[PDB]
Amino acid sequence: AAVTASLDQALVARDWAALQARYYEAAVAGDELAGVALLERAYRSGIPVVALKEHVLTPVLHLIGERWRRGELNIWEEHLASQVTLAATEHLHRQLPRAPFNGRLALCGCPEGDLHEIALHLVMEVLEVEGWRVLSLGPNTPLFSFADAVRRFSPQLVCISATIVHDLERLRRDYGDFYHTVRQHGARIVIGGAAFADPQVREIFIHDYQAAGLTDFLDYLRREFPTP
């Protein structure tokens, strides 16, 4: 009750710091329902889902990582935060209206060795809201699996989230065949994630667009893939 009044005060004030703190606590405790309810309440106060993703979920998860690294959190608490985040976004995603099917398919995944996939999930939701069909190969996906999927389904778009790249040599070797396949089937490549801050990683992953976040990604989709 006292916590509710504080939370509504924060929602009326659009106080992102307060909202992040409340969400952080629910996430690291693994309290899915508190996370679900908080995110829905925040949405119904007039905050779009993308804004919640960019200015609540992302900052919180970044901070969690920093605290884990210093040993203030254990690794499983990051996992808890992931579960709560997945649950909270899915809840909202299942209940909110989507643009009608636009006749397009997006192939999504993360590279081999990377198990980070929340960003990918956020992106895939955004695509579906925009009317895309999405096929996820999930995290830790070899480029030949991407290539197979392209050969079978001929997607218009390939999205890659990369947080860590463990094997620079392997990806350097594999990328040629993958890229040639993409181009043969007329797909575009969009990349995003922390790993692409490394100039060498970015150079390997030949792309049509590199996204900073969901907002500019959406701007790309709207320019390059107009709504029918």
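Residues carry their position along the shown sequence, with the first being 1.
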field: Greater mean Cα temperature factor according to the PDB record, 177-185 or 190-198
entry: 177-185
message: Please compare 116-124 with 98-106 and name the stretch with the higher mean C-alpha B-factor in the deposited structure.
response: 98-106
query: Among 165, 51, 57, 63, where is the Cα temperature factor highest, going by the PDB entry?
result: 165
- line: The third of the chain into which the C-alpha temperature factor of residue 41 falls is the highest
query: Among the chain's modelled residues, which third holds the C-alpha B-factor of residue 132?
result: middle
task: Determine, from the deposited record, the chain-internal third of the Cα B-factor for residue 90: lowest, middle or highest.
output: highest
message: Is residue 211 in the lowest, middle or highest third of its chain when residues are ranked by C-alpha B-factor?
response: middle
- prompt: Compared with the other modelled residues in the chain, in which third is the CA B-factor of residue 160?
  reply: lowest
